[PDB]
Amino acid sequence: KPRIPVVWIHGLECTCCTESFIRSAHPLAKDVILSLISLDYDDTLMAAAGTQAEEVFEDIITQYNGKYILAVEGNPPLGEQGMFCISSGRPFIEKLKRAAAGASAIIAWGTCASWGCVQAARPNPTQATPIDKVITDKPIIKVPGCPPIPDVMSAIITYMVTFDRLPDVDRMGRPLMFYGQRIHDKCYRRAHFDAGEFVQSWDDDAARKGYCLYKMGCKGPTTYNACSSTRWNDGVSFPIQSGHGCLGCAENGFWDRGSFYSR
């Protein structure tokens, strides 16, 4: 019984979203690849290189035209005629447009593909631009975070395969299931926020009791994600549980909202 074809491409990026995917605990990434989808193109993992990789790309997008899902990690730069990111001797944006044209839907993994992330922070030297400003005629599901949580990535994949539909989304294209509530609306340190019980300097008596990180710059009050409920790495921790405020990493423009240590 055939598995759904998937093409995964990479623009300007750090590769954190790919690394997050392979951390999945349930289902294991091994079982996603062997049993749930057909991962037919991915430069990080595939055997073929060069001309042999170009032949796989061409063959899949032609044979499965209109029927494959496109996963995108990273983003296209508009500066230097697109040659800040070069794929088979040509601008990455040309490969993005060819892959998007044949796709039935697009998953924009991470803050890079969704919004811009670190390369788009001031002064944006390469004119890095999110996917939805270039591809304007296809369904795009945004899954932001730097990177998104591993078991959130795999839950979104399993939902689509099991239910044979895209997740319902908010006004920004984020899945309601994981991005409908703020970090601060499900934070286990909220009792301390409500009581005015705050860390004032690192490793003070308040820090050693797990008090709230608002005065240390926590951006949980303005950030939508699942970190305070689902948590990270098979439920082991999240940024606030280990003593650092949220940076805001799931939100558009988080790098340029002032210092991470300003309230």
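Position 1 is the first residue in the sequence shown; the rest follow in order.
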Taking the deposited Cα B-factors and averaging over 183-191 and over 160-168, the higher mean is found in 160-168
Residue stretch of maximal mean CA temperature factor, 142-150 vs 93-101: 93-101
Comparing C-alpha B-factors across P123, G110, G79, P175 in this entry, the winner is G79
Maximum C-alpha temperature factor, selected from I37, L70, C218, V199: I37
Could you tell me which third, lowest, middle or highest, the C-alpha B-factor of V56 occupies within its chain? highest
Going by the entry, which third of its chain does the Cα temperature factor of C117 land in? lowest
Determine, from the deposited record, the chain-internal third of the Cα B-factor for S237: lowest, middle or highest. lowest
Thinking about Cα B factors across the chain, which third does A155 belong to? lowest
Chain thirds by Cα B factor, record data; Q127 belongs to the middle
